[PDB]
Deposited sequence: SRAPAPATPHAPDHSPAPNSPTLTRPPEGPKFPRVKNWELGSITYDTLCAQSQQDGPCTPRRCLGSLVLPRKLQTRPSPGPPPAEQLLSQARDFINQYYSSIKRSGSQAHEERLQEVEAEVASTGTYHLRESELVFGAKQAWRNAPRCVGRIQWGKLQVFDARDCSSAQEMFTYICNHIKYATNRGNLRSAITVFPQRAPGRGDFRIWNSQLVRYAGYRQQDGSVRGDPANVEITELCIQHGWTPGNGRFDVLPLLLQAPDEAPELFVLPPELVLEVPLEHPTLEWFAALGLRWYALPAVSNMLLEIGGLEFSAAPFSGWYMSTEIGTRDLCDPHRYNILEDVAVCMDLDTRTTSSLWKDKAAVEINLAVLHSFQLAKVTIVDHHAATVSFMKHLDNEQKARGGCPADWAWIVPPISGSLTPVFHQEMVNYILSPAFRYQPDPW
């Protein structure tokens, strides 16, 4: 066969070769001696810029045209006299969509072409960031008919502070460290909760208190902004057949909006570019609610179901997890809030794999993140070999700003 990785689907017996990986210009963590795939975590600028501009002109089918060459020349003159450059509006739209398309850990990529891109590169204060973020949340939420969106704030500048959203998501719940060492609310958010209190937030004392936004404009202390409650759509959790589930007082928010990632486009770095879609149900039902280091509700729910929690072989954990996941799907459906189950999501991702094979000759995908955290082998992606590599434009992790 060809000298590119051969990729097999073990359910169907079908084979593809990935040629897209040859376009990767950035090393991952693996070597021939060891695989680290399971770990979670001017001259240079110009070559990344040229590459991105070539990508943009390919995408509009004007590669090698005089407009392509003039744009290249304009970019290197900008870099020559200023040390940086700036993207045209349509280049930014293309770049943000491409960064989503390129994200190996996202099972939702069948939607990549449908992204509302808000250009907020004229933002010049924390207050204005708040306005933009509120508008994003309003547009994205759309009273339950969720729409994928990203808002892009000004790029990093040489020896000048970054725009930063300190929250890891736009909507998340507080976690309060208790006197007895335990946590009330979401244990994932203890640090950010304590930082909001330092900066003058009067905290609640519930399990599901919406955090305020800590927003930072270049070279200034972060400023605190409470989201008006009418903007934060939430879903009370109930179960279709288990009547007591509603009595548990569980709830979750409708909008998953990642706010601490760096969007990189042609060497330019947007340190604040929060993006949002809609939930896949296992994110809430399995991870947020059942992780031992999160809300950890498995045992409480199994006790309500009268399961034998004293022994592993009753599969009490598996049974309670299924019902919690069902409650999430049912509650979001009842509230008319967009949500996708892990079966439909993974089916759509397989379609996406097929699309991308035809369009680009492959699709970078991180198998451990694509396969859902319950019922892995029951979904078609479990049986699909995947090649993981870094393409640009890309979303990247960045250090917490405190």
No C-alpha positions exist for deposited residues 1-28, 70-83
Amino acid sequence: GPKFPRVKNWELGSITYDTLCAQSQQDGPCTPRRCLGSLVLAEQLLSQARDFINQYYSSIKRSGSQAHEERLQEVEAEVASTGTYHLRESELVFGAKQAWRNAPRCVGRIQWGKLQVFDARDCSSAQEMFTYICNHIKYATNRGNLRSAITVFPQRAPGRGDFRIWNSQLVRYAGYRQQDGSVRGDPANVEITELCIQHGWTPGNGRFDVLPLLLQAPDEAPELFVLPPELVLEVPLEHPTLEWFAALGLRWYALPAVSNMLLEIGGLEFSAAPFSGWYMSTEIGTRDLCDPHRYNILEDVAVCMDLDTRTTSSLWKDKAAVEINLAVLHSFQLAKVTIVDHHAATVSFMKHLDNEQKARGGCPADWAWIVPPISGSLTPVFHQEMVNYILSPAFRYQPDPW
From here on, numbers count along this sequence of modelled residues.
Between 337-345 and 42-50, the record assigns the higher mean Cα B factor to 42-50
Averaging the C-alpha temperature factors as deposited, the higher value of 154-162 versus 86-94 falls on 154-162
Comparing C-alpha B-factors across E243, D288, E264, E323 in this entry, the winner is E243
In this crystal structure's PDB entry, the residue among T282, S124, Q111, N260 with the greatest CA B factor is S124
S58: CA B-factor among chain residues, third -> highest
The third of the chain into which the C-alpha temperature factor of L20 falls is the middle
Of the three thirds of the chain ranked by Cα temperature factor, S331 occupies the middle
Assert third(CA B-factor, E269) within chain per record equals middle
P372: CA B-factor among chain residues, third -> lowest
